[PDB]
Amino acid sequence: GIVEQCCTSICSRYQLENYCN
Amino acid sequence: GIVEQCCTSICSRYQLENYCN
Amino acid sequence: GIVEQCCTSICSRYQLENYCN
Amino acid sequence: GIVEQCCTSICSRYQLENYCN
Amino acid sequence: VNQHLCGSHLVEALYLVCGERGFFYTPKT
Amino acid sequence: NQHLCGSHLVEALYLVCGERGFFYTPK
Amino acid sequence: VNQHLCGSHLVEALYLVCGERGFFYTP
Amino acid sequence: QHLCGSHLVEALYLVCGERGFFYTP
Amino acid sequence: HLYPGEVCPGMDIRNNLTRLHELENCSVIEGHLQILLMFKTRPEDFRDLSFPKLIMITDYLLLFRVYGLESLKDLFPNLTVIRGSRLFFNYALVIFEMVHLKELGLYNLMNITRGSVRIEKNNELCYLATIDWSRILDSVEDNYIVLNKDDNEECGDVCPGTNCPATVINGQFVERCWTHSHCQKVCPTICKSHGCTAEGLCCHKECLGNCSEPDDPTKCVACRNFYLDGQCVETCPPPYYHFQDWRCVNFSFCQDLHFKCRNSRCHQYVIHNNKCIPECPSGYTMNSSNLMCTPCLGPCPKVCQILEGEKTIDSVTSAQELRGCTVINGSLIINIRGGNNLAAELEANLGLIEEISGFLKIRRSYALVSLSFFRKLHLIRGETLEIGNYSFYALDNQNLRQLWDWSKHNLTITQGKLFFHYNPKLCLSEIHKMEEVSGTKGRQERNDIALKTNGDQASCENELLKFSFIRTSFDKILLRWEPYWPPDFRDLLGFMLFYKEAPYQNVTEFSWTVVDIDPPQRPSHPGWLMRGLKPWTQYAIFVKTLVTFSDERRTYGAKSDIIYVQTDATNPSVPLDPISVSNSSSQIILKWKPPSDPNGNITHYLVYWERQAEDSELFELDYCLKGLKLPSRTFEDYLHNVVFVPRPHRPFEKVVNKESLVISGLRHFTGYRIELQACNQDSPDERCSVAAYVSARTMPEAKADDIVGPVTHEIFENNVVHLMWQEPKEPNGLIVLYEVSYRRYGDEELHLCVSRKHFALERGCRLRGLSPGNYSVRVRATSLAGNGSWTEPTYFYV
Amino acid sequence: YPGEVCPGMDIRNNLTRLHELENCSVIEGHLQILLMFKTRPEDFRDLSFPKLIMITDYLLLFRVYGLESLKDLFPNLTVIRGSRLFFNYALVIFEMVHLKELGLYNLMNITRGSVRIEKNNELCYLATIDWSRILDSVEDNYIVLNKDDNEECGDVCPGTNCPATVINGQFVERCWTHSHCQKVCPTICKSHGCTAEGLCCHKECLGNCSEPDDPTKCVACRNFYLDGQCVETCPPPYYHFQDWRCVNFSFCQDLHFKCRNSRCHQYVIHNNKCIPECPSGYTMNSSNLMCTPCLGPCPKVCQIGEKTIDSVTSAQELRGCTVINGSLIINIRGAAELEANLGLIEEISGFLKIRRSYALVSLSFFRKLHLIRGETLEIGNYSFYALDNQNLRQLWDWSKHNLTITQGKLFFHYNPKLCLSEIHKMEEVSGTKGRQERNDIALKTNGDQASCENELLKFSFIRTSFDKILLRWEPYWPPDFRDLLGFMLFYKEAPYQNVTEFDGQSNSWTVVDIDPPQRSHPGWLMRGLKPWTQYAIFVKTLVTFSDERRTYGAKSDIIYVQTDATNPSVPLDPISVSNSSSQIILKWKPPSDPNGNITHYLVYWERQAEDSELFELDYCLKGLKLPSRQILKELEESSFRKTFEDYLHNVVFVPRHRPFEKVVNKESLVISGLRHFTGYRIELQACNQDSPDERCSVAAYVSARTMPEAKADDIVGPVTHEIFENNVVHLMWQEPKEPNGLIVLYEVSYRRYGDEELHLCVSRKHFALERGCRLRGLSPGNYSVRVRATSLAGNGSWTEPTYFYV
């Protein structure tokens, strides 16, 4: 999902716009 | 036996009377 | 008889053992 | 020893046979 | 009976209950 | 030994016999 | 910046990243 | 409470007498 | 009533209100409504927007971070019932992280068919404790309403009482109100869910929540069972099939829905058992011409594949997607991080499955009492084993008691190794039974099945011990139980005895003072004695066995049934609250409370009273010399220890059932010594407590101090006068002195003392130096009570 | 002495064991004949032991049926040395039926102790025994309940011969049996003994002697025995043994060695004596058994070499031990008593093992443990063994505690709450880094419930007040900030500076729960402290561990904080007593709450003004009397909330001024220069600060009055009187201007010649207005005047008799 990417590992600013229009 | 009734468990006078001659 | 033997007369351990199962 | 088992406290025939060979 | 009867207490209570008629006590069942 | 008469008689019988059992018939 | 984002902190960070164009959803 | 004194040794002899009384050897 | 509006499939709204227009004509929503992620919104954007058409929601309502919304009353004023066919994490309505929201405002919402409500993390929300969810939710135990304003502050609540019915929540009646303007409508208890009108007339049997004209299926706002042409009916009439458990559709509708999926990307519906089911269950296949699926003459199950072969179960909505499945081409890990039981729903959703291609794993499932919900689980192939070559996994289950019921259940594990750890209530017997029934005895190595952790807080001794001798006494209880010996005597390490006081018979199993008993040395009954036990108290006692690991063997110890034995009586304690007051000169009232430690059922009280002897010094003291303030009232044992060694009449009465005593026949203004005792045994060598002492003296009379008899005088030649008056030989205790008040006619009056020794030795009083004239003498006797009446004036001439 | 040494023994249940005394001459111990039932008088008439001579410890006779007389059992018993006394008795005869006479006619002396004979319903011949001629202390004998004081059984004294002496006030013959007399030696032969003619024997003979004045013929030795000769002291190279004989070194060493490898009285030599043990301050050597003074304290070696420990009693014999010459395997299936019995051990000759001990949070009780040889290794060649220790948390404070193991591997398995860091410290402290092998220490079972990650929490701000203290520490955040349930604050008074968490499972460690900060440093303020008290405070974090029990919690080092002082409490029990007419002694007690270091005491005293009503009340009337002066639930709740949050996030997103004194260093004071019988109010305070605005308590009040002067109520001055024409007298007297407080009135006793002494009272107002007294209408003759000043102290001294003729 998303939380297993950001709270477990570290999300870069590149990985976040994948949830954006 | 008498022990299995009155020692391990409780007894009353009525069934205690059964051991008289 | 038990009563007279061990009341009117003194009794030994042998006397008691003879009336034991 | 025996006095605290039988006079001060409660003791039955088991203790008495324990005190014998 | 109010409390548990065992050993000498048991045989004495059985004596008092049976009275002069007498009784036999064989714990080994 | 001095003779015990009464409940002391059955007490002595129980002490001597124990688990073997006894037949106490004051008939 | 890089940090463990989760909880309301994740929501705030994602709204800082986007919100002028909106969050994505399956049509 | 009933068994302490001379009554103690008398009763302890009643339950025994042929086996004897144990003592540390 | 009818539903003017479309089916309006459940949708999702994000980032702006541009899509709210899609609900303009929606009277019923056949899905889920999720309005969330509303960041740039102000409260002025919601005042003019309303959806009065919406009535019933099928799945759920999600509201998450909708900024600028303060109340939902302007949004869904006619929302009555939420069916909850599909939940959102076993919740039918969630209000999560709502800022600026103050009150709910769903005054028209009556029933929630399935699911619960979770409202959390709303710091501005009030009017929460003022709603009675019991009449709304058939089960409120799964609600979760925390981290709000109401439980963190004390914001006021305005109840429209003056009207709104009040219901008791735990022990007090409180008002049920949605907002300050509208309050929770309550129907009479006779019609539980059919709904009521304003006046109380009960609605139709098919009505749900609200209705206009009572007892009319055409006037039901919400259909209880099914809907068809504005008529709520018990079942769909032919040939109308059931659809989505709320309405009935003809064959044309189901056919059109099925055909719209083939030429598109889906839920291609079929027909079975007079229903338009999406996919009919295992053993049925659907034909080419008609849409009815027929039972195949072979074993064709319904396989439910898994995303990358790893599905986790944590909620009802995570398991409902497995409904109707029989074979799983994947591995299930069961993780209900809860605190509340969900076996009821899990039995219905799961339990129809037989095979599991992957492994089964249980992790952190806090509330799982048992795995019995796997009703039809038979085989675990374990083709894709869990890491470590494991097929079954169980870890940190705080309440797992039994895996199954091995007496009537069957199981088969093809491959893999078992694993059990930190199961504090699953003892080793169940694990061994499973490893024997499955057939995996020679598959696990050491530490695969933990021994310390598994069932450390449980008790499955499954073997019985018997107490061969029980004896009670004043403060001591002697016990002996028959010896116990496992196959290896070195396994046994001792017996742990648990005893705890319990006045009442009902005692649970498994406080509980523990005593350690060393194993007997190898007839030789272990036995133990307890000391320091308060008398006349029932005790619950049982004994437990302590053994070793028993990994290679199967020894599970033993335990004995709980035994209730009571210690005997003894001398009671000191009687309490002793008071001794006198209400009459002849009556003394005595009040006393029963002793602190009865130590047996008290039978009767014993009291003795007696008269004290007064002070001797009171009679030989001068009572007019200033300072006249009269007070107002082993060798045998040593030898035996060394020689023998063990081989290796005062008045009284029996006061029965009474704490208040009055005593008569007592001398007035005279003290008494009272000692009081309590007795808990009367006839067989009466046993009583120690004496409690108390003393009291009756109040004085009114005429004892007054002197009786006339006044006698004698005069010598020198005008020295001896005056006589008989003393009151029965005064208030005794008289300490007398006062002689003599006056001369027309002159001043003088006073003189007559002490006890003065009167006794001088045969009365003698006045010296008395001039001729008419005198007047009044005599007063001072007793221990006070002042008596003065005698008549003594008129005489010298 | 033809016969063996015969170490003490007892005989029971039959006479078969009685034959063991056949070849015996002396008993080096105690002889007991007891519990004999199946015996008949026919079994004792043909049994004798003439060779027996003397007994060292005592002789006990108890319940021997069939015995009628001891005159045949012991015809030659002479001495009961009484080295060890059975309940300070050297000869006890208890509950013998069928026994009729003592018969011990040869018994002469008893070195120490007493004789108790009791409950012998058939025993006679007690009135003819002179115990003062045998014993040395006859006031401790207890000879009751026999046949002599209940009946009048025959007592045949063979007069015709037996000597007759006086016991209380009458001469009665002394004899043992109907055929034997109680021999009495001449007074010159006090202890030597007398022969047939009654002649004193050698100085070392005791009791009886074959030839007078010959040490080689004594039947018994008074001091010591050697080679058939009685000597006063053992000459070298013989050491005194058992206080009655002399022996060389070889036999004593042989006894010591026999005790070395048996079950015992390990014998040592000290001051030429083979005493059972070296006395205090001494220790034996390997080469010689000399009790050389190791030191006041000694290596206290205790012998066992395997022994388990399960209770206090099993550890009782270990009390005071320093060196254990064996091994210890402690298995306590249950604290302070453990530190009492144990904790003095420095060295263990073998291995130490802890097994399944439930109630041991830590091994801090082993305070003095420093070294272990480990010569004997537990199975698996393990010197230190730990297994299934449930609540064990810390072994020892390795910051200061030193422990070294000479050899042996380490075993640590199945310890749920033992942080692996301590196991790592084991090898660095004991130098066993590479002494073990694989699988010796379990890596997955140890420390399964220990958040010993301790992210160092550092305090940032401390503020102290007299009763409240405020703390502030740097906030902590685990990688997932939702996991931090909250902090737990621990505090407990620590007068010492060495306190770590060391308690059973129990502890005081006053703990308060702190909610996590709202996202400012978390901090917390304390209440209800004790002023001027040192405190120990440390903070730990409560977090929810991950799937693999990864707590990664944070800990704070134990810090010590001392709250400031305040005004002290009131001094206790101020007593003010007049030890003189002008001296007052003041004593008090220290305050309950010093609230700092007390510097001095503040004392005030003010003169008390007497009651003004006494100056206006008349006492000449009646009324003359004068008064003279749990967790898992919350963890699951938090994890449930976090799980719902994570599920929602996964679903939604799509990735496309008064006279005062300063008492210093004292608790008492003396006040001088105070008028006699003067009341005083005493104000007492305690201060813990002198120069900068003294912090002192409230005033303490106690009233004191000085002693009155003994010569202050005495009237001084010539009494002058005036006579009128009609015989009227005006009396004036000079009062003692400085009286005992005040004078209530004056008493005047005037007696004319031929009459009796009259009386008259002058009140204060009367004395003021009349300047004394005014008597009118005086009878003719000669009178007298005596005036006494009655003050609060009492009556004073009368004036000179003023004679005037009227």
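Its PDB header attributes the entry to cryo-EM and lists the resolution as 3.6 Å.

As annotated in the PDB entry, chain J is Insulin receptor from Mus musculus.

The PDB entry lists chain I under the name Insulin receptor, with Mus musculus given as the organism.

K.L.:
Explanation requested: the overall build of chain J in the structure shown.
P.N.:
In terms of helices and strands, chain J carries five helices and 48 strands. Here the C-alpha atoms of chain J give a radius of gyration of 47 Å, more than 25% beyond the 28 Å that 2.2 N^0.38 yields for 806 residues. Referenced to the eigenvectors of the C-alpha coordinate spread, the extents of chain J come out at roughly 135 × 130 × 50 Å. In chain J, which comprises 806 residues, the share counted as buried stands at 46%. Total accessible area computed for chain J in this model is approximately 41,300 Å², and 51% of it derives from carbon and sulfur atoms. On chain J, the mean spot of the 87 positive side-chain charges and the mean spot of the 99 negative ones are 4 Å from each other.

K.L.:
It is not clear to me how the UniProt feature "disulfide bond" in chain J should be interpreted in this structure. Could you clarify?
P.N.:
Residues and elements named next belong to chain J. In this structure the UniProt-annotated cystine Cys-124-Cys-153 is intact, with an S-S distance of 2.0 Å. With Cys-124 in the loop between strand 8 (115-118) and strand 9 (142-144) and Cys-153 in the loop between strand 9 and strand 10 (164-166), the pair connects residues that are 29 residues apart, well separated along the chain. With a relative accessible area of 8%, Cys-124 lands in the buried category. Owing to a relative accessible area of 21%, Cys-153 belongs among the partly exposed residues under this scheme. Sulfur atoms bridged by a disulfide sit less than 2.5 Å apart; for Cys-221 and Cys-230, annotated as such a bridge in UniProt, the distance of 2.0 Å is consistent with the bond.

K.L.:
What is the right way to look at the UniProt feature "disulfide bond" in chain I in this model?
P.N.:
All names here are of chain I. You can see the UniProt disulfide between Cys-236 and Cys-248 is made here, since their sulfurs are only 2.0 Å apart, below 2.5 Å. Within this pair, whereas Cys-236 is found in the loop between strand 16 (231-233) and strand 17 (241-243), its partner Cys-248 is found in strand 18 (residues 247-249), the two being separated by 12 residues in sequence. One exposure class covers both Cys-236 and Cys-248, and it is buried. Between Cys-296 and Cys-300, where UniProt places a disulfide, the sulfurs stay 4.0 Å from each other, which does not fit a bond. When you line up the elements, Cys-296 lands in the loop between strand 20 (293-295) and strand 21 (303-305).

K.L.:
Would you mind showing me how to read the pairing of strand 42 (residues 604-611) of chain I here?
P.N.:
All names here are of chain I. With six of its eight residues buried, strand 42 lies for the most part within the structure. Bridging between strand 42 and strand 45 (residues 671-681) involves eight bridges; their strand directions are antiparallel. Each bridged residue has a counterpart across the sheet, and for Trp-609 the counterpart in strand 45 is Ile-674. Relative to strand 43 (residues 652-655), strand 42 runs antiparallel, the two being bridged by four bridges. Considered in strand 43, the bridge of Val-607 is made with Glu-653.

K.L.:
Please explain helix 4 (residues 428-438) of chain I as it appears in this structure.
P.N.:
Residue pairs spaced three or four apart in an α-helix point in one direction, given the helix's 3.6 residues per turn. Residue and element names in this part refer to chain I. Buried residues dominate helix 4, accounting for eight of its 11 residues. Three or more residues of helix 4 are buried, namely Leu-428, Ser-429, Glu-430, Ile-431, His-432, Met-434, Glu-435 and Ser-438. Taken together, the buried residues of helix 4 touch strand 28 (392-395), strand 29 (412-413) and strand 30 (420-421).

K.L.:
Sorry if this is basic, but what is going on with the interface of chain J and chain H here?
P.N.:
Quoted interface sizes are often the accessible area lost when the parts come together. With eight residues of chain J at the interface, the matching set in chain H holds eight residues. Buried surface at the junction of chain J and chain H, both sides included, amounts to about 840 Å², of which 53% is carbon and sulfur. Among the residues of chain J in contact with chain H, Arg-12, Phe-37 and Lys-38 of chain J are the three that bury the most area, contributing 44% of the side total. Applying the counting criterion to the chain J and chain H interface returns zero salt bridges. Linking chain J with chain H are four residue pairs in polar contact. Tallied by class, the residues present in the side of chain J that touches chain H amount to two nonpolar, one polar and five charged.

K.L.:
Mind showing me how you'd approach the nonpolar core here?
P.N.:
Generally speaking, soluble globular proteins have nonpolar side chains that are buried together. One finds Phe-392, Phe-420 and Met-434 of chain I to be the most contacted residues of the largest nonpolar core, which totals 83 residues. When residues no more than four places from it in sequence are discounted, the contact partners of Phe-392 of chain I are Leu-360, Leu-371, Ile-380, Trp-404, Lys-417, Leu-418, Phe-419, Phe-420 and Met-434 of chain I. Of all hydrophobic cores here, the second largest spans 69 residues; its members include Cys-11 and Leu-16 of chain B, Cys-20 of chain D together with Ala-12 of chain F.

K.L.:
What is the right way to read the state of the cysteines from this model?
P.N.:
What is meant by a disulfide is a covalent connection between two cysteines, made through their sulfur atoms. Throughout the structure, instances matching the rule amount to 45 disulfides over all chains. Through a disulfide, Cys-6 of chain A is tied to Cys-11 of chain A; the S-S separation comes to 2.0 Å. Taking the torsion about the sulfur-sulfur bond, which here is approximately -110 degrees, the covalent link between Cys-6 of chain A and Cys-11 of chain A counts as left-handed. According to the relative accessible area criterion, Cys-6 of chain A is buried, its value standing at 1%. On the accessibility criterion, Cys-11 of chain A (2% relative accessible area) is buried. Residue pairing for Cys-124 of chain J: its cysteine sulfur links by disulfide to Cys-153 of chain J, the two sulfurs lying 2.0 Å apart.

Calculation criteria
- Residues numbered from 1 in each chain as written, not as in the entry; some residues may be left out.
- Chains lettered and ligands numbered in written order.
- Heavy atoms only, no water.
- Residues with missing side-chain atoms left out of burial classes, pairs and counts.
- Helix = DSSP H or I, 4+ residues; strand = E, 2+ residues; numbered from the N terminus.
- Rg over C-alpha atoms; globule rule 2.2 N^0.38 Å.
- Buried < 20%, exposed > 50% of the residue type's maximum accessible area, 1.4 Å probe, protein only.
- Areas by Shrake-Rupley, 256 points an atom, 1.4 Å probe, with all protein chains shown as cover.
- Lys, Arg positive; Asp, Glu negative; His and termini not counted.
- Charge placed at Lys NZ, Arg CZ, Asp CG, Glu CD.
- Disulfide = S-S within 2.5 Å.
- UniProt positions renumbered as here; feature names shortened; annotations may be inferred.
- Pairing = 2+ DSSP bridges.
- Contact = heavy atoms within 4.5 Å.
- Buried area = accessible area lost by both parts, 1.4 Å probe.
- Salt bridge = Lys/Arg side-chain N within 4 Å of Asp/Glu carboxyl O.
- Polar contact = N/O pair within 3.5 Å; in protein donor to acceptor, adjacent residues only side chain to side chain.
- Nonpolar A, V, L, I, M, F, W, Y, C, P; charged D, E, K, R; others polar.
- Core = buried A, V, L, I, M, F, W, Y, C linked by side-chain atoms within 4.5 Å.

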